[PDB]
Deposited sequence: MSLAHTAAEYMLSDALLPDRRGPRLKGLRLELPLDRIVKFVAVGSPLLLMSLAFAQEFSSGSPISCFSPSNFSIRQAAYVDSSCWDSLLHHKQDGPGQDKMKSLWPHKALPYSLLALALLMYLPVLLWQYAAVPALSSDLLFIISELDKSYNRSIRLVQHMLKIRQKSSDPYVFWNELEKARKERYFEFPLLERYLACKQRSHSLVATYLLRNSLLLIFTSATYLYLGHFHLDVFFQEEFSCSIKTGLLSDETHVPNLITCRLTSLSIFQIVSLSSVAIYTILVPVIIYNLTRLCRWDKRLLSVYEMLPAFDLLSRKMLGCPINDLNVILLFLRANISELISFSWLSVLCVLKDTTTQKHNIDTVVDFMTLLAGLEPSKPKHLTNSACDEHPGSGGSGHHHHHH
C-alpha cells in the first residue's frame, strides 16, 4: 500500500492528460450533430446533388483564393496528439524510475523501523553511532550516484518543452485565422473548367468558428495555469530538505543537493504515515518519548 507519486504530480498529470481529450470530445460531438461543418451559398439552379458536391469539394480543398485554412480540418487530430505527448512522460516515469525506488523505499523503511525498535530499549534507561553500519554505507553509496534524479528532472523538463511547443504551434498557426468565418472557394480549377454553368467563385462559411475560438482560448489558459506548478515541482528539490537514526540522517545532510538522496528523502517525507509517526505529530524529551 505504498504511495509512489507526489500528490501534486498526480493532479498535474490528470489535468494535462484529461483536458485535451475533453476539448477533442467537445469538438467531435458538435460537428456530428450540426451535420456539415461548412456551408456554401450555391446558385439557385444547382439542383440538390451539385450543391452537395460543391460543399464536399470546398471542405476538402479549404483554400481561400482572394490564404490557407487547414487548422480547421486538423483540430481534433492535433488535439489527440497532445494527449499522447502528455502521456509519454508518465510512461517514462512508470517504466524507468519506480521499480528501483520502490525497493529503495521498502528497504529503508524496514531498517528505519528496526533501528527505532532497537533504540526503544535504549530509551527506557556510546554503542549507537556504529550500531547501524548499513544506514551509513548504503546511504553513502546512494548519495554518490546520479541514477534516477536525472529521470525526475527530465520528466518535468519534457512537460515544459511540450508546453512550449504547444504555445508555439497555437500562436503561429491559430492566430492568423481568427475572425475569419467565410472565404471564396473555387472548384473551376481542374477538369471542371471550360464549363459555363458553374460560377467562377462560390462563397462559403465556416459553421464552427465558435468551437475553434473556445478551444484555442481554453487550452491556452489552462496550459498557462499549469506552468507555475510544474516549475515549483522542478525547483522543490533545489533547496535542501529539512524537517538517533534521524541524527545520522542529518549527519550527512550537506553538500550539493543534486543526488539520489534528495528524491528518496522527499518520498520518505511524503510517506511518513507508513511508519510510527506518533512522535512526529507532537513537534524531558526522553520522558515524553517514554510513552
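Asker: Tell me, which runs of residues in the deposited sequence have no coordinates at all?
Answerer: Model skips 1-26, 93-101, 161-182, 301-308, 349-366, 375-404 of the deposited chain.
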